[PDB]
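Engineer: My structure is below; once you've seen it, I'll send some questions.
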Amino acid sequence: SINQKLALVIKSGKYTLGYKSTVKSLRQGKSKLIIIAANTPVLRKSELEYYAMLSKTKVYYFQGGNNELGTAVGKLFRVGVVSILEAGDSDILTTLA
Amino acid sequence: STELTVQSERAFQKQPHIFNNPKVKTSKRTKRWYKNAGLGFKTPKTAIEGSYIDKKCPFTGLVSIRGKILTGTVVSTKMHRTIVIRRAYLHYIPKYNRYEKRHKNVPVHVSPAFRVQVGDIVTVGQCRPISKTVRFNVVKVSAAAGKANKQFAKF
Amino acid sequence: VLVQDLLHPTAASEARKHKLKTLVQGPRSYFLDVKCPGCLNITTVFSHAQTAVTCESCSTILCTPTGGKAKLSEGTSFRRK
Amino acid sequence: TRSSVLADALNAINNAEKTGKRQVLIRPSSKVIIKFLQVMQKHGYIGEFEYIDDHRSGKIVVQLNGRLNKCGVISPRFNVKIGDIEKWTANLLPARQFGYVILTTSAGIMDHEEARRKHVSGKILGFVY
Amino acid sequence: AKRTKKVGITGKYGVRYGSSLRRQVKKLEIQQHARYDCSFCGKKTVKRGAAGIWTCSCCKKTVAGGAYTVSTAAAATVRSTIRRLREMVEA
Amino acid sequence: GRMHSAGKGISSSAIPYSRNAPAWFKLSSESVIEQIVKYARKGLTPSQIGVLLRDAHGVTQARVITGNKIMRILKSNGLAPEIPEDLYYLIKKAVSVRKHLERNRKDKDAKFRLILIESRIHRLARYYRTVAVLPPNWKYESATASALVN
Amino acid sequence: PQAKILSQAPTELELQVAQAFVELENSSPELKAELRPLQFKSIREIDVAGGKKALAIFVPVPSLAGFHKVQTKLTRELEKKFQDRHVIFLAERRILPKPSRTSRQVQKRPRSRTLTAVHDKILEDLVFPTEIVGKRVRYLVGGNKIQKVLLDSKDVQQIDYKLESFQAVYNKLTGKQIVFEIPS
Amino acid sequence: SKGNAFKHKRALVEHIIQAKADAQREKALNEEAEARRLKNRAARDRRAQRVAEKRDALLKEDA
């Protein structure tokens, strides 16, 4: 039950999208939630686990590949990882999920 | 009319028997002869100032609307200065006492002052044969909304 | 009997027949003024909850919806408003 | 669906009248049937009928006094010219002296003898007798 | 435009070889040249390199699949049944 | 009834005759549009919000209390959804049915079912095309419609 | 101040009621922001069937809901100082003719200004506190027509001694017969 | 251009100049439309908060 609240982030909250933008948004420390697809290369997600651990920020594993994630974020292209800079009326940050 | 670069074709497209003179410069310097079609059909302002020729228009051309006046809807907007209207109507079959939706696609030469688009109810008038199949003229466009002004794509 | 006062049938008839086949399709459901000992705010709850109910002031569960009228929680004090 | 509320009205009355019921109920209670009922009401064919105005077009109840014998609708509503109104009645009326055919008209809704008298025609709504 | 009705890819074989032989090769030659989604990069870029070799054009991966598909049905059931045996032994 | 089924059910809501709010309502019209805004800002369906207006609140209906319907007031409030909820949830249903198809290709029962969703969409899309709720000359391409329904 | 609460300079004849509101000035909680802001338009007087008069004051309904809040309080105090009369509050509402096929087109006529809807709200104005549970109509055998009106038992106390006046004013205003009947 | 319907350059340029000509027109209509959305309505809607409590309501009837 995750896909319903991503539209809340895509419209209310502020996101950044893709790997390079995410790691920049982790380096700046602003990001608190990163959703990593399952199709993404395990090495790229492995060091995103590391960057997430360095920033002490929530990491969520999407239950599908980048195709599901790209549709879930609402964009007809594909997205490896999506970062949640700030979440509005969405509760994904405050919930354990 | 004035726009669309009417003076661009092979020949000199101006109203016959009009007097032009470069010696005397007058208030408007262009003479255009339009006549009201009559029977209550108003002369459009785009024709008062018109520079279109349309020698077969009732207003600026040399024809005359003498006969029937009909109505219909625009269905054929793929054609310059000529229109075909789908005039739906009914016919009474005697034996069964019931009615039957008929229609004919009559073509009419729109005077370029008027604007037509699909869905706009329009009026036409019989005159001398304009083309072989165009034997009417779009004397008045009674499309205050045309069933489409408030339904088009808006921004 | 073909001679019946459908205009003003007895109170037995209305509660017997279906709502939509009554003379006027009046709702038979209602809203309930309900309180909990752990809150200081009133809460109006529809008869058939249709979804979970929680007091704004204190986080709580009031009546879990079912197909019909919801089974209210154990320590729930209900009244018809 | 209910292609004609007038048709289902006159259908319902005949069904209950044949049963002999003293009261019949009609839905969804438009005015054309209400105007139709008035025409019977002035002609004694029908009794006191109570209109119930619920906020969804409501319904009616008609305390028919078991007086008429057959009221029906001509669907669809064929047009008619005054020269041919008598032609229609012969095929629908049990007798000339009694029984009426209802004509909707821009003048109003009336039975044929008055429509003939006031000399205006229209489309046929139904027949009563 | 619409160039052929039913020969499709096999119209290169001319009128020869019969219609049934062209029909069997038709339904596999389509699968042969059809481009497939990579299970690793997610782009519909997997092409058949050789008989049973499926090189994803990007991310330069290659998967040993069927000779005319990225993964045969008779092997998809292999993967499914391997899971349960691994699943039951461990848990 | 039952557009594409043999059912005959008539289970539905029958709202009261009375056109005014009950006596025990203690919210002004300006005090219920605030629950409208802060529930719509969360993106809940106009049907979905009214359920909680009914359940967690004393709001029976927008029309019985306010002067406009829920979907009417959202237009002035500036939270009009991209597409009407009927197409939105039907198409969202359509994508899910299709999403089941490309893997379980031998579901002819669900395959036939899809046409009932598609046909329901197209006739309904015709209505919104007539009244021009959606932009005219619109299509349900059935492939990239997911951009319209996330 | 007589005209400024009358909403119009005319007419000097019916100022006997306007002056009665402006003379309760020792009502500071009730005088301010709820009595001055009310500007009724016109007053009508009709002889009830009982030989007495009921005055039909017309309120322009810009804030009748606000006037409804103090309607219960104001009706009692108005009747006492203006005894042997019945007070009624009406929301005067524009009524436009139904356009004819020979008539020139005009702007659209909304459903509030329709003839049937004003009479719907006339019943609400006529009977403010008691919400009407339902309606009945009886089409008489002689061509007559009646509209029997149902009422709820709650807060009928402010109206049950004014039911006969309700019938008379509607007949005089509309030429239509109605009778009020309450179940239980 | 990758498909047909452009026989040559000047045939293309005619389509482009036509494409520019109308394209300029709908946004010109859009800008005129938006002008109406902020000229005939935006200020005249505020007329109810500046004069409605000014004329024939509070000045003449305040004595």
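By convention in this document, the chains of the structure tokens carry letters A, B, ... by their order, each chain's residues are numbered from 1, and ligands are numbered from 1 in the order they are shown.
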Can you list, as an MDAnalysis selection string, every residue of chain C that DSSP puts in alpha helix (DSSP H)?

Structural biologist: chainID C and resid 11:16

Engineer: Please report as a tab-separated table every residue of chain D lying within 9 Å of chain F, along with the nearest atom pair and their distance in Å (one decimal), using only C-alpha atoms.

Structural biologist:
```
residue	atom	partner	partner_atom	distance
D:1	CA	F:1	CA	8.8
D:54	CA	F:17	CA	6.7
D:55	CA	F:17	CA	5.9
D:56	CA	F:17	CA	8.7
```

Engineer: Quick one: contact table of chain B to chain H, 12 Å max, nearest atom pair and distance in Å to one decimal per residue, counting only C-alpha atoms, chain and number order, as CSV?

Structural biologist:
```
residue,atom,partner,partner_atom,distance
B:4,CA,H:21,CA,11.2
B:153,CA,H:26,CA,10.7
B:154,CA,H:30,CA,8.3
B:155,CA,H:30,CA,6.3
```

Engineer: Go ahead and save the picked residues with N, CA and C atoms, as a compact mmCIF listing (two decimals), in the first residue's frame.

Structural biologist:
```txt
# COMPACT_ATOMS: atom_id res chain seq x y z
N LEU B 4 -5.10 38.29 -45.73
CA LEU B 4 -4.86 37.02 -46.43
C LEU B 4 -4.23 37.24 -47.81
N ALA B 153 -11.83 23.66 -26.97
CA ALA B 153 -10.70 23.61 -26.07
C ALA B 153 -10.35 25.02 -25.60
N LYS B 154 -10.22 25.19 -24.29
CA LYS B 154 -9.96 26.48 -23.67
C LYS B 154 -8.62 26.44 -22.95
N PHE B 155 -8.01 27.61 -22.79
CA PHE B 155 -6.77 27.73 -22.03
C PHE B 155 -6.83 28.95 -21.13
```

Engineer: Can you tell me which residues surround residue C:57 at a distance of at most 8 Å, considering only C-alpha atoms, apart from same-chain residues fewer than 4 positions away, and format the answer as a list in words?

Structural biologist: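 Near neighbours after the sequence-gap exclusion: residues 39, 40 and 41 of chain C.
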
Engineer: With C-alpha atoms retained, export the selected residues as a PDB file, in the first residue's frame.

Structural biologist:
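That gives us result18.pdb:
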```
ATOM      1  CA  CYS C  39     -11.573  12.370  25.670  1.00  0.00           C
ATOM      2  CA  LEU C  40     -13.168  15.775  26.222  1.00  0.00           C
ATOM      3  CA  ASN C  41     -14.655  16.215  22.730  1.00  0.00           C
TER       4      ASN C  41
END
```

Engineer: Within 7 Å of chain A, which residues of chain E show up? Give each one with its shortest atom-to-atom distance in Å (one decimal) and the two atoms involved, counting only C-alpha atoms, rows by chain then rising residue number, as CSV.

Structural biologist:
```
residue,atom,partner,partner_atom,distance
E:40,CA,A:39,CA,5.7
E:41,CA,A:39,CA,6.6
E:42,CA,A:39,CA,6.8
```
